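Scroll down for the structure; my scribbles are underneath it.
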Amino acid sequence: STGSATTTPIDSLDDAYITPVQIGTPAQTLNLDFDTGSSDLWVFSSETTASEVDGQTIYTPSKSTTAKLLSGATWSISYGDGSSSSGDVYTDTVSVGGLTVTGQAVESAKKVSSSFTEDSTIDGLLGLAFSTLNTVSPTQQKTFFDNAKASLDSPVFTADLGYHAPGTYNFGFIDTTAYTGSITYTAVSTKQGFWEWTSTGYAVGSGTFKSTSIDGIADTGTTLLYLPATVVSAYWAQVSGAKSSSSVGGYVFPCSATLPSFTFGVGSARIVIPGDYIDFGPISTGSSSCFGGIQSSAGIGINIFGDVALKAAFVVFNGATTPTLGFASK
Ligand SMILES: NCc1ccc(C(F)(F)F)cc1
């Protein structure tokens, strides 16, 4: 079997992407943020504290004939920004773009952090990292992808994120019309539960390629590109007037500047991020200072190839027994 679903940016900056997901019987459609950096499927629900819900569509297990309470199971997650949520667990039928999994763990939020409440367009997260990171206790649960793996034609999913435009998540097949050239595959380490890989180097604009190993994770759930301080300094040094700002929390640049492209290596292949993808607009309404899409990972502890990088490529998440990541130009 296969599935295919359109994913849509939530705002004009591509801060995140939402994908419609059908939960329950009859279907309740929620717009979820597909996150290859986490492994929980959690949703706003009828159980969420009413004061913490502002315009989200909620999952109502009592209206689903296939929902079953997973007795005694709880979950609690905290993300890399101090985002957190927690609650109890149901099992229910979950379908993505025609692909159906029965008995999927659906984690119902009783409390969510304020950053989720203020984001009316995201009804929950669908985690696509490895199941070892799932937070359900005492019995850890499988991700949607792990549950679907057996039924899939091929144990893969692909991410084709658009620049200021809709894109596609496909499950079980590789659309050979969606990319150009060849797909370059690279080894994945699962030791931390992430889609972790090693980039072979980088270039700034038309500069010479610097061969150097950058270990990082492919994370559709993170907006920006977070790289070591040395790399990020070399990039912003080519932008007249750019500086690292303590009060803003990262590199900013004059909105009038034109940004150079950024190239990262995948084996012997090169993926080019156009400079326009790195512009995240004014730091505040009316400001002439703009926020950069490439930032330092020094405070995070891990390098993150977020949406800024991934949307420049067609990306294959190969969940075979030896997992690999594939990158192609598009
Ligand atoms: N998109 C989920 C996510 C968020 C933050 C982190 C890290 F890097 F902070 F641990 C990993 C994964």
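Here's how to read the names in the structure tokens: chain A, B, ... by the order shown, residue numbers from 1 in each chain, ligand numbers from 1 in the order shown.
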
For ligand 1, collect every residue having any atom at a distance of at most 6 Å from a ligand atom (counting only C-alpha atoms and all ligand atoms); output as a PyMOL selection string. chain A and resi 35+37-38+79-80+219+221-222+300+302

Long-range neighbours of region 19-32 of chain A as a ChimeraX atom specification, 7 Å cut-off, only C-alpha atoms, 6 positions minimum in chain: /A:5-8,57,59,64-67,92-96,122-126

Could you give me, as a ChimeraX atom specification, each residue of region 191-287 of chain A that DSSP assigns to strand (DSSP E) when run on this structure's backbone? /A:196-204,210-218,225-227,243-245,250-254,262-266,269-273,279-282

Selection export as an mmCIF file, in the first residue's frame, atoms kept: C-alpha atoms:
```cif
data_model
loop_
_atom_site.group_PDB
_atom_site.id
_atom_site.type_symbol
_atom_site.label_atom_id
_atom_site.label_comp_id
_atom_site.auth_asym_id
_atom_site.auth_seq_id
_atom_site.Cartn_x
_atom_site.Cartn_y
_atom_site.Cartn_z
ATOM 1 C CA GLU A 196 21.318 11.348 11.982
ATOM 2 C CA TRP A 197 23.824 11.600 9.142
ATOM 3 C CA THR A 198 27.140 13.208 8.227
ATOM 4 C CA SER A 199 27.368 15.971 5.643
ATOM 5 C CA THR A 200 30.634 16.100 3.705
ATOM 6 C CA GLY A 201 31.138 19.865 3.728
ATOM 7 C CA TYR A 202 29.842 23.225 2.629
ATOM 8 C CA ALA A 203 30.323 26.264 0.426
ATOM 9 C CA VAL A 204 29.202 29.890 0.761
ATOM 10 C CA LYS A 210 35.263 23.133 2.224
ATOM 11 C CA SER A 211 35.448 19.388 2.863
ATOM 12 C CA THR A 212 34.662 18.794 6.526
ATOM 13 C CA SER A 213 32.406 16.366 8.360
ATOM 14 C CA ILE A 214 29.229 17.869 9.831
ATOM 15 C CA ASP A 215 27.162 15.418 11.848
ATOM 16 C CA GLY A 216 23.540 16.433 12.161
ATOM 17 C CA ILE A 217 19.916 15.387 12.020
ATOM 18 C CA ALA A 218 17.312 15.692 9.268
ATOM 19 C CA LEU A 225 19.363 25.443 9.678
ATOM 20 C CA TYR A 226 21.585 25.124 12.773
ATOM 21 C CA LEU A 227 25.281 24.540 12.062
ATOM 22 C CA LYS A 243 25.912 40.662 12.990
ATOM 23 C CA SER A 244 25.090 38.321 15.832
ATOM 24 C CA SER A 245 22.607 40.037 18.163
ATOM 25 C CA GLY A 250 20.965 35.119 16.546
ATOM 26 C CA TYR A 251 22.347 36.567 13.351
ATOM 27 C CA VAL A 252 20.417 39.461 11.804
ATOM 28 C CA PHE A 253 21.146 41.320 8.593
ATOM 29 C CA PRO A 254 19.975 44.498 6.838
ATOM 30 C CA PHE A 262 24.605 27.964 0.841
ATOM 31 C CA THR A 263 25.772 24.572 -0.422
ATOM 32 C CA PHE A 264 26.006 21.430 1.698
ATOM 33 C CA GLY A 265 27.547 18.120 0.706
ATOM 34 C CA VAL A 266 25.886 14.711 0.574
ATOM 35 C CA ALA A 269 26.796 15.389 -4.394
ATOM 36 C CA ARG A 270 25.965 19.020 -3.615
ATOM 37 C CA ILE A 271 22.651 20.532 -2.505
ATOM 38 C CA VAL A 272 22.355 24.289 -3.068
ATOM 39 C CA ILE A 273 20.118 26.400 -0.827
ATOM 40 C CA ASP A 279 15.620 35.333 4.567
ATOM 41 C CA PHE A 280 13.144 35.093 7.440
ATOM 42 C CA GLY A 281 12.049 38.708 7.250
ATOM 43 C CA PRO A 282 11.960 41.611 9.691
#
```

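Candidate residues A:40, A:14, A:52, A:175 were compared for distance to residue 159 (chain A), and the nearest is A:175, using only C-alpha atoms.
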
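Among the candidates A:315, A:105, A:53, A:174, the residue lying nearest to residue 140 (chain A) is A:105 (atoms considered: only C-alpha atoms).
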
Between CA of residue 293 (chain A) and CA of residue 77 (chain A), what is the distance in Å, rounded to a tenth? 25.8 Å

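Comparing A:311, A:229, A:278, A:61 by their smallest distance to residue 291 (chain A), the closest is A:278 (using only C-alpha atoms).
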
As a PyMOL selection string, please: every residue in region 117-211 of chain A that DSSP puts in helix (DSSP H, G or I). chain A and resi 117+131-133+144-148

For residue 329 (chain A), work out the shell of residues within 8 Å, counting only C-alpha atoms and skipping chain neighbours fewer than 6 positions away, then give it as a PyMOL selection string. chain A and resi 179-181+183+271+312-314

Store the residues picked out above in a file with C-alpha atoms, as a PDB file, in the first residue's frame.
```
ATOM      1  CA  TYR A 179      13.374  15.283  -8.618  1.00  0.00           C
ATOM      2  CA  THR A 180      16.153  15.775 -11.152  1.00  0.00           C
ATOM      3  CA  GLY A 181      19.324  13.754 -11.592  1.00  0.00           C
ATOM      4  CA  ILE A 183      19.343  10.342  -5.542  1.00  0.00           C
ATOM      5  CA  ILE A 271      22.651  20.532  -2.505  1.00  0.00           C
ATOM      6  CA  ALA A 312      15.903  22.714  -1.201  1.00  0.00           C
ATOM      7  CA  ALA A 313      15.926  18.952  -1.868  1.00  0.00           C
ATOM      8  CA  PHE A 314      13.833  15.875  -2.468  1.00  0.00           C
TER       9      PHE A 314
END
```

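The smallest atom-to-atom distance between residue 152 (chain A) and any of A:100, A:182, A:131, A:321, using only C-alpha atoms, is found for A:100.
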
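With CA of residue 78 (chain A) on one side and CA of residue 249 (chain A) on the other, the separation reads 20.5 Å.
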
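Using only C-alpha atoms for every distance, the candidate list A:58, A:259, A:188, A:310 yields A:310 as the residue closest to residue 330 (chain A).
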
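For the choices A:192, A:99, A:36, A:111, the atom-to-atom distance to residue 172 (chain A) is smallest for A:99 when using only C-alpha atoms.
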
Test item: residues at most 6 Å from residue 261 (chain A), only C-alpha atoms, excluding those fewer than 2 positions along its chain, as a ChimeraX atom specification: /A:205,273-275

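The space between CA of residue 86 (chain A) and CA of residue 127 (chain A) spans 14.8 Å.
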
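Excluding region 154-158 of chain A itself and same-chain residues fewer than 6 positions from it, the residues having an atom within 9 Å of it are residues 1, 2, 145, 146, 148, 168, 169, 170, 171, 172, 173, 174, 175, 314, 315, 316, 317, 318, 319, 320 and 326 of chain A, counting only C-alpha atoms.
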